[PDB]
Amino acid sequence: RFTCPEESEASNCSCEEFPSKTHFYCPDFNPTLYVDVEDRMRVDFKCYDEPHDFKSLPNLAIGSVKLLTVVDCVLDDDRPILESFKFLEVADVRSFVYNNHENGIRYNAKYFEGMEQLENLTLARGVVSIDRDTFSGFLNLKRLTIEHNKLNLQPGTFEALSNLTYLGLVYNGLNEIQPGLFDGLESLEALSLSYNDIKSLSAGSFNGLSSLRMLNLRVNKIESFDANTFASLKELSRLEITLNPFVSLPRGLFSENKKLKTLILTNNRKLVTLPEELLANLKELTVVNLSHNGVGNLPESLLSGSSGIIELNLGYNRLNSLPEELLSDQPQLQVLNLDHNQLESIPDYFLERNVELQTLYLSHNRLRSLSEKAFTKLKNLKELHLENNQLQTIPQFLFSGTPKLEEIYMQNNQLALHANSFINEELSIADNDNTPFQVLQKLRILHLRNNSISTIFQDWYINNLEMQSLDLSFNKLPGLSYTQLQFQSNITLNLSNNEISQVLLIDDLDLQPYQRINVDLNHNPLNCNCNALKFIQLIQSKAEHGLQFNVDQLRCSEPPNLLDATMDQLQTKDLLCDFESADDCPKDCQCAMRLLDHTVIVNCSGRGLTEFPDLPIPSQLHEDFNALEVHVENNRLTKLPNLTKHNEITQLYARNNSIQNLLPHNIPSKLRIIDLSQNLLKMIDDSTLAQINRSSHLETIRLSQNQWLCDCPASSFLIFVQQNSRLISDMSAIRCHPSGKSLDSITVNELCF
Amino acid sequence: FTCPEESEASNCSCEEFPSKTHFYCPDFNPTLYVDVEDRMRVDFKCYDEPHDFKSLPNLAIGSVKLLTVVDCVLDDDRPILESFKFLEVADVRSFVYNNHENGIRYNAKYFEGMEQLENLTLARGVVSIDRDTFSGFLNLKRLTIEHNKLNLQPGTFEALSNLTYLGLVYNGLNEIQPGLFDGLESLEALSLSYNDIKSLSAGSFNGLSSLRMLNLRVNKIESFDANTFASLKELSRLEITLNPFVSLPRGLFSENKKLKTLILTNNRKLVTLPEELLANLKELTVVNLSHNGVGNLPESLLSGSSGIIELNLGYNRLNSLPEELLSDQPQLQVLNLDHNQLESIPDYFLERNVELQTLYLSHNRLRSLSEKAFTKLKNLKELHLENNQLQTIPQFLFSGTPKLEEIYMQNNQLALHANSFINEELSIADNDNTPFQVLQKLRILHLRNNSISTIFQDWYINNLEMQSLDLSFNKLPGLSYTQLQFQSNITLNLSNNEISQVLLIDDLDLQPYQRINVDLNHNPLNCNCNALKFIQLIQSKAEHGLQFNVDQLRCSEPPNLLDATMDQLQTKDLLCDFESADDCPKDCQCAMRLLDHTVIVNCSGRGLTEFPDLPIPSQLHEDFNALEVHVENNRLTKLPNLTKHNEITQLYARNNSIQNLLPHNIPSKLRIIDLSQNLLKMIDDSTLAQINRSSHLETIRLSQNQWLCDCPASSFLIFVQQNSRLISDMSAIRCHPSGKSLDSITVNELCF
Ligand SMILES: *[C@@H]1O[C@H](CO)[C@@H](O[C@@H]2O[C@H](CO)[C@@H](O)[C@H](O)[C@H]2NC(C)=O)[C@H](O)[C@H]1NC(C)=O
Ligand SMILES: *[C@@H]1O[C@H](CO)[C@@H](O[C@@H]2O[C@H](CO)[C@@H](O)[C@H](O)[C@H]2NC(C)=O)[C@H](O)[C@H]1NC(C)=O
Ligand SMILES: *[C@@H]1O[C@H](CO)[C@@H](O[C@@H]2O[C@H](CO)[C@@H](O)[C@H](O)[C@H]2NC(C)=O)[C@H](O)[C@H]1NC(C)=O
Ligand SMILES: *[C@@H]1O[C@H](CO)[C@@H](O[C@@H]2O[C@H](CO)[C@@H](O)[C@H](O)[C@H]2NC(C)=O)[C@H](O)[C@H]1NC(C)=O
Ligand SMILES: *[C@@H]1O[C@H](CO)[C@@H](O)[C@H](O)[C@H]1NC(C)=O
Ligand SMILES: *[C@@H]1O[C@H](CO)[C@@H](O)[C@H](O)[C@H]1NC(C)=O
Ligand SMILES: *[C@@H]1O[C@H](CO)[C@@H](O)[C@H](O)[C@H]1NC(C)=O
Ligand SMILES: *[C@@H]1O[C@H](CO)[C@@H](O)[C@H](O)[C@H]1NC(C)=O
């Protein structure tokens, strides 16, 4: 265990012992450097300023340590690093990491006079002009990295490293690879040349490497190859060539890499063509990644014989008009990508040979219509993508041979799919439509966003039993009914941004006992007129029903009503229903009925007439409904509405009325609310008022703007007012015709005696 | 997610890994890379001139909570989002801006569009901040400014008023102006380390009320004010390290009742501590005073604080101690006094402390421990006494601590011996004074680098729970099997000792399957006959209980070549000089070997006609018996059996030539005789019978034989040849005195 050195005046370095790693700051006044030391795992030495004074240090005692990470600290000129770091006697060090920024250091064997048994090594930002003799003294060195330094390597610097395993030459900006730079690397298994400026790779560039398994040229400036560039790498298995600017690959580049397993060739822009049988006869090959290139057409024999492929990516090219038999020899192919390829159409027999194929991509192409035989023998297909195409429709037998299709994506298309699109030849054998989704019982997720869908097919809730999502946004849905909601699984049936004018529901919900059945209904020109009441009563009332509509953004589309109103702040009383089917309603009157309250409105208040308009009987059933509400406020010349007898009116409003000389014939059977404003109250008689009875329903009368004579012949009116005080809206406002003042003060004067 | 479609009229490309999608602009060379998560992060770093991202194609990436910029230059006045508009990210909840390129004078215009930002961080780029620069955020929880020289106005932070974590690290602040923290009501950390604050005024923390965990880890603080911390009623932690001040004001922490953790270390100039500095701190839990320069302490330093569970006082310059320094701390758990200059411990130091689990006293200069030092420690678990000057241990040192588990006594002047504790009072002739019998559960004990004489039997008798032990660099005289009586998986260590010899019983065994490890490396272990049992134990065996590590073992003054290895050990090399002066001649002693089981003189010497007669050195206690003859390649006067040859179990001669041999001269009591370079081939009466097949290794050899021809000896030669199978006669036999009389010669041939 390493503990802090005993405090003394000989040394000014302050050791702060932490539970994990003992810390240091040797110049106590100004800690220009700190030495974070673990027990025996690592040593972290970093300098912050120009002065070094390594000789004026307490001579720490660490002993054996695995990793020695020195950062941004100077080295003595042409002296061993362990000699320049004598103030800590690190020994038996395996890994050495040297970050250095201020000054580049020319390297020779004299800098490594203490690291004969070094396993790992790393250099960064500070190494320039490595000498050929630098690595001679090393024994059993397995890794080497030259990280972020501008460098130029003469051929032969690595000849002394026989046992080297991983070599990293990233970011060095090498201009070119001399033939024979890797002479001594006989046991090399991996190599990296990413982020360099290698102009070209000659035939003899990779001489001396035979057991190499991985290669890496991720970012270079390679303008051309040679036909025998990779011929010397018989053991190659992984190859990464990205972001290179070359125009084409030479014929037969991989003629000898029979052990190839993965080939990542992506973003190699300006790669317009691929040579004939580039990847032929590679049994071990399993993953091919040719995305983001600029290829315009693939040769037919590109993959002839490579039966071991399981993943083939070809996205983001300019690849159109695929050859028919390109994928004939790949029976293990699992994932195929063809997106962003500008494909106008694919050959009918393109995918017949692949009996097994899990996931297929065809998105972002320019497909117009899929062939019926495209998916005949894909018995293992699971995920299908067809988004962002120019599809008009789909053949009726398109999914006959893919019964295991879990998820499908058809968004951003021009699919029509009318209700009668797949109507049978008048057979009528099956109630469900003949849409191709009928055989897809395994379907789970379906997307149809941004389409021209104009219905919800019956097979989407009858045959598909495990459906759990059905996106139908931005397509021309005409309406919604309760039948189409008869799903048998938790489904988030999205229906936003459709032309859903109206929706119909029944008061009883047959939903199975489960969590919920969401229906997103945000932006629709919903008609808040008749036939929508039960939906409104459902949404506004709080209940534990399965249906959970999301109508927070939903508004109405009725100019007569409050347009742009929300249901959460909508008066359900104001729902109205026009009587368009009937023609016996009085002319020049707003004819409608409200189903919630069970009322029918005549609304002849707009016009003024000489007689009471004929009020049609509620011949329309309206669920066996027998009450009428009439507004006749403007008409004040009828002189009698005596047709009210043998009628079922329940509301009456006469803001302006003729002289109130009415007979008991006018007295109605079922009138709840009555208004007699702006009339001659003097003409009315007690016998008519006596026959008024609240037994049928509650009675409320209006005495506003009414003039009634007060005298002995007009007696008992005050008693009737007192009895009907609740009926009278303002009994005090009722006044004698000549006096114009309330008769309450003169109630004692009412009695003649 | 999906990279931009078709990459048309764009010089920047997408990688689209399954975890995150990278970007570069490699049209000529990729200067900058942008990699994004689904919604978590966006990292943006550029490595060249800013003109390379003047008009990049817009990425239109979804808004992500965390944004990062590295070494990217931006314009003088336009906001950050406007400069990086091509990213098209708006919902930012974390911003980090590393900028090594060029300092920029921040104005309030830079952060428009981030009115919901948190975890704002400005590293290495800020040079100066104008007032109300942070105004407008309206909700900020964490801020950090680091690695950049600064000089701030008092009213810079007034606008925030919701900040909880503030960090001004390595900013090179010359000093703290009063009221510079005025507007930070809800602050809860400062992290003012690595600055250059010269001193703290009384009003240096005016605007802070909900503060906790004030940090001053590295500063050039020269002095403190009396009421520096008075303005902070709530203050949980306080870290004040690596400062050049010489003393603290009296009553510095008077008003901070909530003080829970005071870390005050590495103040090399802090010569003394004020009295009752820690007074009346009930909530205090851990206090750290290590690595200071304090030389003396006041009596009332910790008065009125019973909540202390940890107290570190190590690496200081303490020379004396107060008596009641820990009177008011009955809840203490650990006490560190290591690396100080303490020469003694007060007798009444720890009567009132009972929850102490571990007590550290290493690297001090203690002369001895008082008997009642540990009298009241009912929960002591670990004890350290390393690098001290302890002479001996009192007999009742561990009387009051039965819970003790580990003990460390390295690098001490300990001189424990067999009679260092034995007293005639109540003597039981065993377990002298019981120095360690009171510790039942003593697991680990280190006595490395001491002057202990002998192993106390108490370690191997009643310390059943012992798991390890180390007696290296100690003056142990020897080892015996009786010392190995442990009842657990003990790993005893005796490396580099003065053990002359080990006496191990041949029938040593242990019933349990638990293993015992013993190391004798660098021990003299002189190799004599008694070491034969140790040699056998070291020899490879199928299974054993005492696994010996003897790779670096050496033999003291060896009879054989010096620095002999155990790989070259042999049974014959086990022979040792006998201690019986009368029994063996003074010229050379009897071998009396045990493994070899042979007795022979080491040197031939002058020689005698008759070998001396001595009793068997083994005396029936060993298989050892005389089997060899010292005389070799010498003209012996005679070889008589009565000259102890009969007493010798066997006879072995080397290049000894006898002209005449007789049956009387041949030893009958000896099982067999072996001779070489004999001058006579005649067969004696004893030679007429073949020596015993078993228990008689010595025999006759055809080689190095001289034939003698005589008619009477022909029958004896015939009898010898009948038993002989190597050859009819000697290979180098050329004798024919007018006839054939050799053993190969037939009966018909005669000597004449
Ligand atoms: C030299 O570096 C390599 C890679 O950095 C180290 O490899 C380790 O390998 C083991 C094998 O499973 C992994 O678990 C570790 O995570 C790897 N380490 C690292 C840092 O990636 C190797 O250990 C290093 N050699 C020494 C002596 O430290
Ligand atoms: C819905 O899909 C239509 C497809 O027409 C999108 O409208 C654009 O149509 C033109 C046709 O010439 C395409 O070139 C464009 O790419 C389409 N726009 C986009 C953004 O892809 C329309 O934008 C889509 N609506 C969405 C996705 O909300
Ligand atoms: C801003 O930083 C804070 C502090 O790191 C984050 O909050 C969490 O803080 C705790 C502190 O104990 C950490 O252990 C967590 O890891 C932090 N959360 C995360 C997600 O890292 C906070 O999340 C940060 N803000 C954002 C938007 O990431
Ligand atoms: C064993 O302990 C002794 C002392 O207990 C060590 O000797 C001391 O070494 C230091 C090293 O600077 C000197 O300052 C002291 O004066 C020495 N004291 C004595 C009494 O010699 C010794 O180094 C330790 N190790 C060994 C292997 O003996
Ligand atoms: C390589 O390893 C082998 C065996 O591990 C060893 O014999 C040889 O000396 C090593 N060479 C170098 C240069 O380390
Ligand atoms: C819907 O999800 C809930 C969640 O617990 C589950 O209990 C219920 O069974 C699901 N619906 C069906 C039809 O399984
Ligand atoms: C219908 O009723 C409303 C209610 O206020 C009234 O304003 C309107 O004039 C009526 N219309 C007709 C034609 O009577
Ligand atoms: C702190 O946050 C609250 C919560 O939104 C806000 O109202 C207040 O204005 C913020 N304080 C400042 C100074 O912006």
# chains A, B, ... in the order shown; residues from 1 in each chain; ligands from 1
call {"tool": "residues_around", "arguments": {"residues": "residue 514 (chain A)", "least_positions_apart": "5", "cutoff": "9 Å", "atoms": "only C-alpha atoms", "output": "NGL selection string"}}
result
:A and (489-490 or 546)
call {"tool": "interface_residues", "arguments": {"of": "chain B", "to": "chain A", "cutoff": "9 Å", "atoms": "only C-alpha atoms", "output": "PyMOL selection string"}}
result
chain B and resi 5-7+13-15+26-30+220+242-244+265-266+268+291+315-317+339-340+363
call {"tool": "residues_near_ligand", "arguments": {"ligand": "ligand 5", "cutoff": "10 Å", "atoms": "only C-alpha atoms and all ligand atoms", "output": "list in words"}}
result
residues 116, 117, 118, 119, 135, 136, 137, 138, 139, 140, 141, 142, 159, 160, 161, 162, 163, 164, 184 and 187 of chain A
call {"tool": "closest_atom_pairs", "arguments": {"of": "chain B", "to": "ligand 3", "cutoff": "6 Å", "atoms": "only C-alpha atoms and all ligand atoms", "output": "CSV"}}
result
residue,atom,partner,partner_atom_place_in_ligand_line,distance
B:65,CA,ligand 3,27 (C),5.4
B:93,CA,ligand 3,27 (C),4.7
B:94,CA,ligand 3,27 (C),5.3
B:119,CA,ligand 3,1 (C),4.9
call {"tool": "atom_distance", "arguments": {"atom1": "CA of residue 271 (chain A)", "atom2": "CA of residue 304 (chain A)"}}
result
20.9 Å
call {"tool": "residues_around", "arguments": {"residues": "residue 310 (chain B)", "least_positions_apart": "5", "cutoff": "9 Å", "atoms": "only C-alpha atoms", "output": "NGL selection string"}}
result
:B and (285-288 or 331-336)
call {"tool": "residues_near_ligand", "arguments": {"ligand": "ligand 8", "cutoff": "9 Å", "atoms": "only C-alpha atoms and all ligand atoms", "output": "number ranges by chain"}}
result
B: 135-140, 158-163, 183
call {"tool": "residues_near_ligand", "arguments": {"ligand": "ligand 7", "cutoff": "6 Å", "atoms": "only C-alpha atoms and all ligand atoms", "output": "list in words"}}
result
residues 588, 589, 590, 603, 604, 605 and 606 of chain A
call {"tool": "residues_around", "arguments": {"residues": "residue 455 (chain B)", "least_positions_apart": "3", "cutoff": "10 Å", "atoms": "only C-alpha atoms", "output": "ChimeraX atom specification"}}
result
/B:416-418,452,458-460,471,476-479,483
call {"tool": "select_by_dssp", "arguments": {"residues": "region 376-593 of chain A", "states": "alpha helix (DSSP H)", "output": "JSON, numbers by chain"}}
result
{"A": [533, 534, 535, 536, 537, 538, 539, 540]}
call {"tool": "write_last_selection", "arguments": {"atoms": "C-alpha atoms", "output": "short mmCIF file (atom, residue, chain, number, x, y, z; two decimals), in the first residue's frame"}}
result
data_model
loop_
_atom_site.label_atom_id
_atom_site.label_comp_id
_atom_site.auth_asym_id
_atom_site.auth_seq_id
_atom_site.Cartn_x
_atom_site.Cartn_y
_atom_site.Cartn_z
CA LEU A 533 -74.84 14.48 -29.18
CA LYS A 534 -73.95 11.09 -27.70
CA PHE A 535 -70.29 11.63 -28.58
CA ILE A 536 -70.44 15.04 -26.88
CA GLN A 537 -72.11 13.61 -23.78
CA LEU A 538 -69.50 10.84 -23.75
CA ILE A 539 -66.46 13.12 -23.96
CA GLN A 540 -67.62 15.81 -21.53
#
call {"tool": "closest_residue", "arguments": {"among": "A:331, A:208, A:323, A:80", "to": "residue 310 (chain A)", "atoms": "only C-alpha atoms"}}
result
A:331
call {"tool": "residues_near_ligand", "arguments": {"ligand": "ligand 1", "cutoff": "10 Å", "atoms": "only C-alpha atoms and all ligand atoms", "output": "list in words"}}
result
residues 41, 42, 66, 67, 68, 93, 94, 95, 96, 118, 119, 120, 121, 122, 141, 142, 143, 144 and 166 of chain A
call {"tool": "write_last_selection", "arguments": {"atoms": "N, CA, C and O atoms", "output": "mmCIF file, in the first residue's frame"}}
result
data_model
loop_
_atom_site.group_PDB
_atom_site.id
_atom_site.type_symbol
_atom_site.label_atom_id
_atom_site.label_comp_id
_atom_site.auth_asym_id
_atom_site.auth_seq_id
_atom_site.Cartn_x
_atom_site.Cartn_y
_atom_site.Cartn_z
ATOM 1 N N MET A 41 -2.499 0.482 -9.664
ATOM 2 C CA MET A 41 -3.123 0.370 -10.976
ATOM 3 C C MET A 41 -2.538 1.372 -11.965
ATOM 4 O O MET A 41 -2.143 1.005 -13.076
ATOM 5 N N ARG A 42 -2.475 2.646 -11.582
ATOM 6 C CA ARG A 42 -2.071 3.677 -12.524
ATOM 7 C C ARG A 42 -1.398 4.831 -11.797
ATOM 8 O O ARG A 42 -1.523 4.980 -10.580
ATOM 9 N N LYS A 66 1.197 -0.460 -12.954
ATOM 10 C CA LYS A 66 0.812 -0.977 -14.264
ATOM 11 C C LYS A 66 0.853 0.114 -15.329
ATOM 12 O O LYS A 66 1.621 0.027 -16.293
ATOM 13 N N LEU A 67 0.040 1.151 -15.165
ATOM 14 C CA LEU A 67 -0.118 2.202 -16.160
ATOM 15 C C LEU A 67 0.541 3.481 -15.667
ATOM 16 O O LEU A 67 0.368 3.864 -14.506
ATOM 17 N N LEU A 68 1.303 4.134 -16.543
ATOM 18 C CA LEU A 68 1.963 5.402 -16.234
ATOM 19 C C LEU A 68 1.479 6.417 -17.264
ATOM 20 O O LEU A 68 2.037 6.522 -18.358
ATOM 21 N N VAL A 93 6.529 -1.342 -15.436
ATOM 22 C CA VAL A 93 5.419 -0.603 -16.026
ATOM 23 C C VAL A 93 5.022 -1.282 -17.328
ATOM 24 O O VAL A 93 5.880 -1.603 -18.162
ATOM 25 N N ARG A 94 3.725 -1.534 -17.489
ATOM 26 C CA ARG A 94 3.220 -2.221 -18.670
ATOM 27 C C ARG A 94 2.767 -1.252 -19.754
ATOM 28 O O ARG A 94 3.180 -1.381 -20.910
ATOM 29 N N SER A 95 1.925 -0.285 -19.405
ATOM 30 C CA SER A 95 1.373 0.669 -20.356
ATOM 31 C C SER A 95 1.964 2.047 -20.098
ATOM 32 O O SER A 95 2.121 2.453 -18.942
ATOM 33 N N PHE A 96 2.294 2.757 -21.172
ATOM 34 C CA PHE A 96 2.830 4.107 -21.088
ATOM 35 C C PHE A 96 2.067 4.995 -22.056
ATOM 36 O O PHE A 96 1.972 4.679 -23.246
ATOM 37 N N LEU A 118 7.805 -3.377 -22.036
ATOM 38 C CA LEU A 118 6.593 -2.569 -22.114
ATOM 39 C C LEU A 118 5.568 -3.294 -22.981
ATOM 40 O O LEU A 118 5.885 -3.736 -24.090
ATOM 41 N N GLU A 119 4.338 -3.418 -22.475
ATOM 42 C CA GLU A 119 3.309 -4.150 -23.208
ATOM 43 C C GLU A 119 2.483 -3.224 -24.092
ATOM 44 O O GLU A 119 2.328 -3.478 -25.291
ATOM 45 N N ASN A 120 1.932 -2.159 -23.520
ATOM 46 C CA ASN A 120 1.154 -1.173 -24.256
ATOM 47 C C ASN A 120 1.990 0.085 -24.420
ATOM 48 O O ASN A 120 2.953 0.291 -23.676
ATOM 49 N N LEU A 121 1.630 0.918 -25.388
ATOM 50 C CA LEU A 121 2.271 2.211 -25.573
ATOM 51 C C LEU A 121 1.308 3.124 -26.312
ATOM 52 O O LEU A 121 0.486 2.651 -27.102
ATOM 53 N N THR A 122 1.400 4.424 -26.048
ATOM 54 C CA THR A 122 0.573 5.417 -26.715
ATOM 55 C C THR A 122 1.323 6.739 -26.751
ATOM 56 O O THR A 122 1.931 7.137 -25.754
ATOM 57 N N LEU A 141 6.106 -6.256 -26.935
ATOM 58 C CA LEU A 141 5.214 -5.114 -27.078
ATOM 59 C C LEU A 141 4.041 -5.514 -27.965
ATOM 60 O O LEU A 141 4.239 -5.965 -29.097
ATOM 61 N N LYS A 142 2.821 -5.351 -27.454
ATOM 62 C CA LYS A 142 1.630 -5.836 -28.138
ATOM 63 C C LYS A 142 0.821 -4.742 -28.817
ATOM 64 O O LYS A 142 0.121 -5.033 -29.791
ATOM 65 N N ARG A 143 0.889 -3.503 -28.340
ATOM 66 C CA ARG A 143 0.069 -2.433 -28.888
ATOM 67 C C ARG A 143 0.923 -1.196 -29.098
ATOM 68 O O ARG A 143 1.898 -0.981 -28.374
ATOM 69 N N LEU A 144 0.561 -0.391 -30.093
ATOM 70 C CA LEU A 144 1.251 0.854 -30.396
ATOM 71 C C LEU A 144 0.264 1.808 -31.049
ATOM 72 O O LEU A 144 -0.511 1.399 -31.918
ATOM 73 N N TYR A 166 -1.715 -4.727 -32.271
ATOM 74 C CA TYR A 166 -2.554 -3.621 -32.706
ATOM 75 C C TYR A 166 -1.668 -2.430 -33.025
ATOM 76 O O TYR A 166 -0.805 -2.063 -32.221
#
call {"tool": "residues_near_ligand", "arguments": {"ligand": "ligand 4", "cutoff": "7 Å", "atoms": "only C-alpha atoms and all ligand atoms", "output": "ChimeraX atom specification"}}
result
/B:387-389,411-413,449,473
call {"tool": "write_last_selection", "arguments": {"atoms": "C-alpha atoms", "output": "tab-separated table (two decimals), in the first residue's frame"}}
result
chain	number	residue	atom	x	y	z
B	387	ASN	CA	7.01	3.04	13.22
B	388	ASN	CA	7.02	3.85	16.95
B	389	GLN	CA	9.67	3.48	19.66
B	411	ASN	CA	9.07	-1.10	13.08
B	412	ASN	CA	9.07	-1.00	16.88
B	413	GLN	CA	11.67	-1.66	19.56
B	449	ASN	CA	10.87	-5.53	12.07
B	473	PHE	CA	12.93	-9.33	10.30
call {"tool": "decode", "arguments": {"residues": "region 108-120 of chain A", "atoms": "N, CA and C atoms", "output": "PDB file, in the first residue's frame"}}
result
ATOM      1  N   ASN A 108      14.200   8.546 -30.655  1.00  0.00           N
ATOM      2  CA  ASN A 108      15.245   7.586 -30.963  1.00  0.00           C
ATOM      3  C   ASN A 108      15.211   6.508 -29.890  1.00  0.00           C
ATOM      4  N   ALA A 109      16.029   5.470 -30.073  1.00  0.00           N
ATOM      5  CA  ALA A 109      16.081   4.388 -29.096  1.00  0.00           C
ATOM      6  C   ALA A 109      16.539   4.867 -27.727  1.00  0.00           C
ATOM      7  N   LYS A 110      17.205   6.018 -27.656  1.00  0.00           N
ATOM      8  CA  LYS A 110      17.729   6.516 -26.393  1.00  0.00           C
ATOM      9  C   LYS A 110      16.642   7.053 -25.470  1.00  0.00           C
ATOM     10  N   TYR A 111      15.431   7.293 -25.977  1.00  0.00           N
ATOM     11  CA  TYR A 111      14.326   7.735 -25.136  1.00  0.00           C
ATOM     12  C   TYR A 111      13.629   6.594 -24.410  1.00  0.00           C
ATOM     13  N   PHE A 112      13.873   5.351 -24.810  1.00  0.00           N
ATOM     14  CA  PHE A 112      13.232   4.183 -24.221  1.00  0.00           C
ATOM     15  C   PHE A 112      14.264   3.228 -23.637  1.00  0.00           C
ATOM     16  N   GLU A 113      15.226   3.766 -22.890  1.00  0.00           N
ATOM     17  CA  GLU A 113      16.272   2.936 -22.309  1.00  0.00           C
ATOM     18  C   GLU A 113      15.826   2.235 -21.034  1.00  0.00           C
ATOM     19  N   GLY A 114      14.615   2.509 -20.551  1.00  0.00           N
ATOM     20  CA  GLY A 114      14.088   1.860 -19.368  1.00  0.00           C
ATOM     21  C   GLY A 114      12.822   1.057 -19.562  1.00  0.00           C
ATOM     22  N   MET A 115      12.342   0.893 -20.794  1.00  0.00           N
ATOM     23  CA  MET A 115      11.061   0.239 -21.031  1.00  0.00           C
ATOM     24  C   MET A 115      11.214  -0.994 -21.913  1.00  0.00           C
ATOM     25  N   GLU A 116      12.193  -1.847 -21.604  1.00  0.00           N
ATOM     26  CA  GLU A 116      12.416  -3.037 -22.420  1.00  0.00           C
ATOM     27  C   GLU A 116      11.267  -4.032 -22.304  1.00  0.00           C
ATOM     28  N   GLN A 117      10.461  -3.931 -21.250  1.00  0.00           N
ATOM     29  CA  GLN A 117       9.399  -4.900 -21.010  1.00  0.00           C
ATOM     30  C   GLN A 117       8.035  -4.223 -21.037  1.00  0.00           C
ATOM     31  N   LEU A 118       7.805  -3.377 -22.036  1.00  0.00           N
ATOM     32  CA  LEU A 118       6.593  -2.569 -22.114  1.00  0.00           C
ATOM     33  C   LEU A 118       5.568  -3.294 -22.981  1.00  0.00           C
ATOM     34  N   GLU A 119       4.338  -3.418 -22.475  1.00  0.00           N
ATOM     35  CA  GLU A 119       3.309  -4.150 -23.208  1.00  0.00           C
ATOM     36  C   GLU A 119       2.483  -3.224 -24.092  1.00  0.00           C
ATOM     37  N   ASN A 120       1.932  -2.159 -23.520  1.00  0.00           N
ATOM     38  CA  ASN A 120       1.154  -1.173 -24.256  1.00  0.00           C
ATOM     39  C   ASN A 120       1.990   0.085 -24.420  1.00  0.00           C
TER      40      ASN A 120
END
